[PDB]
Amino acid sequence: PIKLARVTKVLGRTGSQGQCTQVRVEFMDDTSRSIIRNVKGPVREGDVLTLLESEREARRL
Amino acid sequence: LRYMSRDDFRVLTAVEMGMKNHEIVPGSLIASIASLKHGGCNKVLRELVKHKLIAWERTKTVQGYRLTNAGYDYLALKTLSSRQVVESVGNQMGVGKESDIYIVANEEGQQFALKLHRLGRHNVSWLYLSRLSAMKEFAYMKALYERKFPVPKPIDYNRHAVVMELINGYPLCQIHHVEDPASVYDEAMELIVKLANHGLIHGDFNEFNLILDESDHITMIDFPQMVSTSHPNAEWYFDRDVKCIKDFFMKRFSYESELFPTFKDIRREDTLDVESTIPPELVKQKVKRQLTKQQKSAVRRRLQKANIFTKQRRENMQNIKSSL
RNA sequence: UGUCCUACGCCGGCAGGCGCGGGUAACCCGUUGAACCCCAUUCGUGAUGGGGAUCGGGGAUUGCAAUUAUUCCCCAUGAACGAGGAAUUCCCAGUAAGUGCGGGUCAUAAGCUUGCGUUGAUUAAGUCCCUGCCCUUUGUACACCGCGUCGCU
RNA sequence: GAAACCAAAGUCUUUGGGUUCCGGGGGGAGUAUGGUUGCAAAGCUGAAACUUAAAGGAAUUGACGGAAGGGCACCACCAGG
């Protein structure tokens, strides 16, 4: 199962070398699940993503 | 080379014991803990600094001596010679920035190899990490030779130095033509299967690390980086090594592969991934130990008595008198 | 850049000689007539015609002198080299890199050094992980317990 | 008062209210011996030979932290050439 995504707000830069971006993700399954994920590469406010799995949640707390 | 063999051992081991607790060792500690000869040790240290055995260190107040790399190498070689392992030196230098290869010959004349770990904050961390690397490398060679892998026989080790079995040959990179590529290639996947069976995956299994003993035997060395198969990335390292060997064989010898082993078999072999009742003699020994302890404390507190400050004060007083 | 820089013609395979002119210089070299690049031919995945060293002969300059090849030119021999580990250098947009040109000691000697133009990108616009460096706060003027046996005067 | 501090550690070279115990550079050493008490463990009294140029007490700055926080750099890294 592959689910579509959306960028709501870019939060910050995480990782050892500052290579990852911690971002907030809104779902295109008409749900309001805003889940905080980690992405690699350049992202801006308004980008659209392809998640291989959605049940995993990134590093929160 | 060495000519006199009386007290450089004791002074240099005193320096080694000084390095184990702190950076720069004063001469008072050396004179206290090397007490066989007294008074003449200053000229001994003056004789050592004419070589690259020890080095002086007097910046602004700290005044001491430290051990160099060559002094540590000669200390290990002297400890090997005490074990009757090295008599003469073969000058076939394998000059690497991570390790130095020196041929050695025993009293019998049989030649062995000598690996001296040179790792490149000051050099005490370099020597300590060289010691740890030599220890873990000797442990890995012992494990691999116990598991009958085609590796040389380990012989001895002293604190960075490894006396190791000598097998002559060339690495697989600089051998342009191989008469029988298929047999040694099948043996290469056999060794890959054996390593993966032994709960181990190399990660950087390179052709440069493979030495062709007369282009007939495979010699394998250099295991400080050896990792586990319990890691989730283990099969990715294993497949990287397999594809590296494959692309090297279809790229360099123009020989195409016939067998394609992609087996992860753990762990059907040994898991190497972790790898007046008291007699008077005792009374005499204990009382002698006590009195040597008080006299060693006395020697410490007597040898701990900066003349540079007194010289500067005298010069300042003389300048104040001659200028005013 | 230049009084050694060369325009033109002839003899020249060819480096080069011969007769002639300019330039002490936005003038003459010089619309500086560049090179990759482009457009057509042949070669066709092999130590190949790729790659050119190392040698053998001649020729012509430079210089009082080229023998230990100064340099270049004409044939011939074709070596290693099959994309290079551990490790390491440099690099943010006319940038790296490829490509040629000019200056430097100089009689001929330039794989060095320094600038210039031409074609022109990938990635990033983030961090203290590694390597260091720079500040702020903060305490501080090698203690103890875990190296020996025997031998004669 | 050497000071930290102290209404007492004050009324001290402007030194005397009565009186008890007790110290004399650091070790040897609270050791040996002797006496005494105790079932014992040990308690009380207690040296010398010798060794040593020092040991200590108060405060004052802060190399060096294996102490912690920030910032900067392709002569550091990340993604790359």
# chains A, B, ... in the order shown; residues from 1 in each chain; ligands from 1

$ interface_residues --of "chain A" --to "chain D" --cutoff "8 Å" --atoms "only C-alpha atoms (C1' of nucleotides)" --output "JSON list (two decimals) with C-alpha atoms, in the first residue's frame"
[["chain", "number", "residue", "atom", "x", "y", "z"],
["A", 17, "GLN", "CA", 25.77, 16.18, 8.93],
["A", 18, "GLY", "CA", 22.54, 18.20, 8.72],
["A", 19, "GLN", "CA", 21.55, 16.27, 5.61]]

$ interface_residues --of "chain B" --to "chain C" --cutoff "8 Å" --atoms "only C-alpha atoms (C1' of nucleotides)" --output "PyMOL selection string"
chain B and resi 97-98+206-209+251-252

$ select_by_dssp --residues "stretch 134-202 of chain B" --states "strand (DSSP E or B)" --output "list in words"
residues 154, 155, 156, 157, 158, 161, 162, 163, 164, 170, 171, 200 and 201 of chain B

$ interface_residues --of "chain A" --to "chain C" --cutoff "10 Å" --atoms "only C-alpha atoms (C1' of nucleotides)" --output "JSON, numbers by chain"
{"A": [13, 14, 15, 16, 17, 18, 19, 20, 21, 41, 42]}

$ write_last_selection --atoms "N, CA and C atoms" --output "PDB file, in the first residue's frame"
ATOM      1  N   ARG A  13      16.331  21.123  10.162  1.00  0.00           N
ATOM      2  CA  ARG A  13      17.346  20.231   9.614  1.00  0.00           C
ATOM      3  C   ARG A  13      17.859  19.318  10.719  1.00  0.00           C
ATOM      4  N   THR A  14      17.753  18.014  10.496  1.00  0.00           N
ATOM      5  CA  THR A  14      18.238  16.999  11.412  1.00  0.00           C
ATOM      6  C   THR A  14      19.243  16.097  10.697  1.00  0.00           C
ATOM      7  N   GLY A  15      19.815  15.156  11.441  1.00  0.00           N
ATOM      8  CA  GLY A  15      20.868  14.306  10.934  1.00  0.00           C
ATOM      9  C   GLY A  15      22.221  14.657  11.522  1.00  0.00           C
ATOM     10  N   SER A  16      23.177  13.748  11.310  1.00  0.00           N
ATOM     11  CA  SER A  16      24.536  13.977  11.790  1.00  0.00           C
ATOM     12  C   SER A  16      25.184  15.151  11.065  1.00  0.00           C
ATOM     13  N   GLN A  17      25.162  15.132   9.736  1.00  0.00           N
ATOM     14  CA  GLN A  17      25.768  16.182   8.930  1.00  0.00           C
ATOM     15  C   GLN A  17      24.773  17.259   8.520  1.00  0.00           C
ATOM     16  N   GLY A  18      23.581  17.271   9.110  1.00  0.00           N
ATOM     17  CA  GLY A  18      22.542  18.204   8.722  1.00  0.00           C
ATOM     18  C   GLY A  18      22.022  17.943   7.325  1.00  0.00           C
ATOM     19  N   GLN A  19      21.969  16.668   6.942  1.00  0.00           N
ATOM     20  CA  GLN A  19      21.546  16.270   5.607  1.00  0.00           C
ATOM     21  C   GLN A  19      20.057  15.993   5.487  1.00  0.00           C
ATOM     22  N   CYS A  20      19.362  15.751   6.594  1.00  0.00           N
ATOM     23  CA  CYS A  20      17.946  15.422   6.557  1.00  0.00           C
ATOM     24  C   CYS A  20      17.125  16.639   6.952  1.00  0.00           C
ATOM     25  N   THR A  21      15.895  16.698   6.457  1.00  0.00           N
ATOM     26  CA  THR A  21      14.958  17.753   6.811  1.00  0.00           C
ATOM     27  C   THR A  21      13.775  17.145   7.551  1.00  0.00           C
ATOM     28  N   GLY A  41      17.099  15.491   0.949  1.00  0.00           N
ATOM     29  CA  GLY A  41      17.138  16.337  -0.220  1.00  0.00           C
ATOM     30  C   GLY A  41      16.429  17.659  -0.003  1.00  0.00           C
ATOM     31  N   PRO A  42      16.270  18.438  -1.075  1.00  0.00           N
ATOM     32  CA  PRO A  42      15.618  19.748  -0.946  1.00  0.00           C
ATOM     33  C   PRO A  42      14.100  19.663  -0.961  1.00  0.00           C
TER      34      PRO A  42
END

$ interface_residues --of "chain B" --to "chain D" --cutoff "10 Å" --atoms "only C-alpha atoms (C1' of nucleotides)" --output "JSON, numbers by chain"
{"B": [60, 61, 62]}

$ write_last_selection --atoms "C-alpha atoms" --output "short mmCIF file (atom, residue, chain, number, x, y, z; two decimals), in the first residue's frame"
data_model
loop_
_atom_site.label_atom_id
_atom_site.label_comp_id
_atom_site.auth_asym_id
_atom_site.auth_seq_id
_atom_site.Cartn_x
_atom_site.Cartn_y
_atom_site.Cartn_z
CA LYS B 60 56.97 27.41 29.79
CA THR B 61 56.81 25.41 33.06
CA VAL B 62 56.32 21.71 32.21
#

$ residues_around --residues "stretch 38-53 of chain C" --least-positions-apart "4" --cutoff "12 Å" --atoms "only C-alpha atoms (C1' of nucleotides)" --output "VMD selection string"
chain C and resid 77 to 82

$ write_last_selection --atoms "N, CA, C and O atoms (P, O5', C5', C4', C3', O3' and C1' of nucleotides)" --output "PDB file, in the first residue's frame"
ATOM      1  P     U C  77      57.950  -0.336 -37.681  1.00  0.00           P
ATOM      2  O5'   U C  77      58.810  -0.737 -36.403  1.00  0.00           O
ATOM      3  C5'   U C  77      59.658  -1.879 -36.400  1.00  0.00           C
ATOM      4  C4'   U C  77      60.191  -2.120 -35.014  1.00  0.00           C
ATOM      5  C3'   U C  77      59.140  -2.055 -33.910  1.00  0.00           C
ATOM      6  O3'   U C  77      58.589  -3.336 -33.632  1.00  0.00           O
ATOM      7  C1'   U C  77      60.983  -0.627 -33.381  1.00  0.00           C
ATOM      8  P     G C  78      57.181  -3.820 -34.249  1.00  0.00           P
ATOM      9  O5'   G C  78      56.093  -3.012 -33.419  1.00  0.00           O
ATOM     10  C5'   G C  78      55.600  -3.520 -32.190  1.00  0.00           C
ATOM     11  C4'   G C  78      56.145  -2.739 -31.024  1.00  0.00           C
ATOM     12  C3'   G C  78      55.111  -2.199 -30.051  1.00  0.00           C
ATOM     13  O3'   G C  78      54.727  -3.186 -29.107  1.00  0.00           O
ATOM     14  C1'   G C  78      56.633  -0.481 -30.636  1.00  0.00           C
ATOM     15  P     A C  79      53.699  -2.878 -27.910  1.00  0.00           P
ATOM     16  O5'   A C  79      54.648  -2.744 -26.638  1.00  0.00           O
ATOM     17  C5'   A C  79      55.590  -3.764 -26.330  1.00  0.00           C
ATOM     18  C4'   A C  79      56.358  -3.445 -25.073  1.00  0.00           C
ATOM     19  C3'   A C  79      55.508  -3.099 -23.859  1.00  0.00           C
ATOM     20  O3'   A C  79      55.071  -4.249 -23.156  1.00  0.00           O
ATOM     21  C1'   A C  79      57.150  -1.438 -24.152  1.00  0.00           C
ATOM     22  P     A C  80      53.503  -4.544 -22.978  1.00  0.00           P
ATOM     23  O5'   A C  80      53.174  -3.982 -21.526  1.00  0.00           O
ATOM     24  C5'   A C  80      53.989  -4.321 -20.414  1.00  0.00           C
ATOM     25  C4'   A C  80      54.163  -3.147 -19.486  1.00  0.00           C
ATOM     26  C3'   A C  80      52.882  -2.547 -18.932  1.00  0.00           C
ATOM     27  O3'   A C  80      52.386  -3.252 -17.807  1.00  0.00           O
ATOM     28  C1'   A C  80      54.285  -0.819 -19.728  1.00  0.00           C
ATOM     29  P     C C  81      50.859  -3.749 -17.766  1.00  0.00           P
ATOM     30  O5'   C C  81      50.002  -2.418 -17.943  1.00  0.00           O
ATOM     31  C5'   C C  81      50.017  -1.390 -16.962  1.00  0.00           C
ATOM     32  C4'   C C  81      49.516  -0.088 -17.533  1.00  0.00           C
ATOM     33  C3'   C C  81      48.081  -0.102 -18.033  1.00  0.00           C
ATOM     34  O3'   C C  81      47.141   0.091 -16.991  1.00  0.00           O
ATOM     35  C1'   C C  81      49.479   0.891 -19.667  1.00  0.00           C
ATOM     36  P     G C  82      46.133  -1.090 -16.579  1.00  0.00           P
ATOM     37  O5'   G C  82      45.237  -1.297 -17.878  1.00  0.00           O
ATOM     38  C5'   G C  82      44.382  -0.260 -18.346  1.00  0.00           C
ATOM     39  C4'   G C  82      43.048  -0.790 -18.817  1.00  0.00           C
ATOM     40  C3'   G C  82      42.300  -1.688 -17.828  1.00  0.00           C
ATOM     41  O3'   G C  82      40.899  -1.434 -17.927  1.00  0.00           O
ATOM     42  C1'   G C  82      42.626  -2.845 -19.859  1.00  0.00           C
TER      43        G C  82
END

$ select_by_dssp --residues "stretch 205-300 of chain B" --states "helix (DSSP H, G or I)" --output "PyMOL selection string"
chain B and resi 234-251+280-300

$ write_last_selection --atoms "C-alpha atoms" --output "mmCIF file, in the first residue's frame"
data_model
loop_
_atom_site.group_PDB
_atom_site.id
_atom_site.type_symbol
_atom_site.label_atom_id
_atom_site.label_comp_id
_atom_site.auth_asym_id
_atom_site.auth_seq_id
_atom_site.Cartn_x
_atom_site.Cartn_y
_atom_site.Cartn_z
ATOM 1 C CA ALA B 234 25.234 -7.147 6.526
ATOM 2 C CA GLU B 235 23.716 -8.553 3.332
ATOM 3 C CA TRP B 236 24.247 -5.197 1.611
ATOM 4 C CA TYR B 237 27.971 -5.414 2.419
ATOM 5 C CA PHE B 238 27.976 -9.065 1.295
ATOM 6 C CA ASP B 239 26.301 -8.239 -2.024
ATOM 7 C CA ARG B 240 28.649 -5.266 -2.482
ATOM 8 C CA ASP B 241 31.636 -7.592 -2.035
ATOM 9 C CA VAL B 242 30.137 -10.174 -4.418
ATOM 10 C CA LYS B 243 29.441 -7.556 -7.101
ATOM 11 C CA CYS B 244 32.911 -6.059 -6.570
ATOM 12 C CA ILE B 245 34.576 -9.439 -7.176
ATOM 13 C CA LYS B 246 32.275 -10.094 -10.152
ATOM 14 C CA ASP B 247 32.885 -6.728 -11.828
ATOM 15 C CA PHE B 248 36.617 -7.075 -11.166
ATOM 16 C CA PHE B 249 36.651 -10.467 -12.897
ATOM 17 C CA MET B 250 34.522 -9.411 -15.890
ATOM 18 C CA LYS B 251 36.482 -6.142 -16.085
ATOM 19 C CA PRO B 280 59.037 -16.100 57.769
ATOM 20 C CA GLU B 281 59.828 -15.894 54.030
ATOM 21 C CA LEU B 282 56.512 -14.163 53.312
ATOM 22 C CA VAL B 283 57.166 -11.874 56.298
ATOM 23 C CA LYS B 284 60.578 -10.975 54.853
ATOM 24 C CA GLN B 285 59.093 -10.321 51.403
ATOM 25 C CA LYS B 286 56.282 -8.150 52.800
ATOM 26 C CA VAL B 287 58.615 -6.104 55.020
ATOM 27 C CA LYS B 288 61.032 -5.654 52.099
ATOM 28 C CA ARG B 289 58.122 -4.490 49.927
ATOM 29 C CA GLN B 290 57.106 -2.005 52.634
ATOM 30 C CA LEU B 291 60.599 -0.542 53.061
ATOM 31 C CA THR B 292 61.035 -0.287 49.294
ATOM 32 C CA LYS B 293 57.708 1.579 49.258
ATOM 33 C CA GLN B 294 58.889 4.153 51.817
ATOM 34 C CA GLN B 295 62.246 4.559 50.083
ATOM 35 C CA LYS B 296 60.485 4.974 46.721
ATOM 36 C CA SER B 297 58.304 7.697 48.252
ATOM 37 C CA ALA B 298 61.485 9.315 49.606
ATOM 38 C CA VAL B 299 63.150 9.081 46.178
ATOM 39 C CA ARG B 300 60.056 10.639 44.562
#

$ atom_distance --atom1 "atom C1' of residue D:54" --atom2 "atom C1' of residue D:25"
7.9 Å
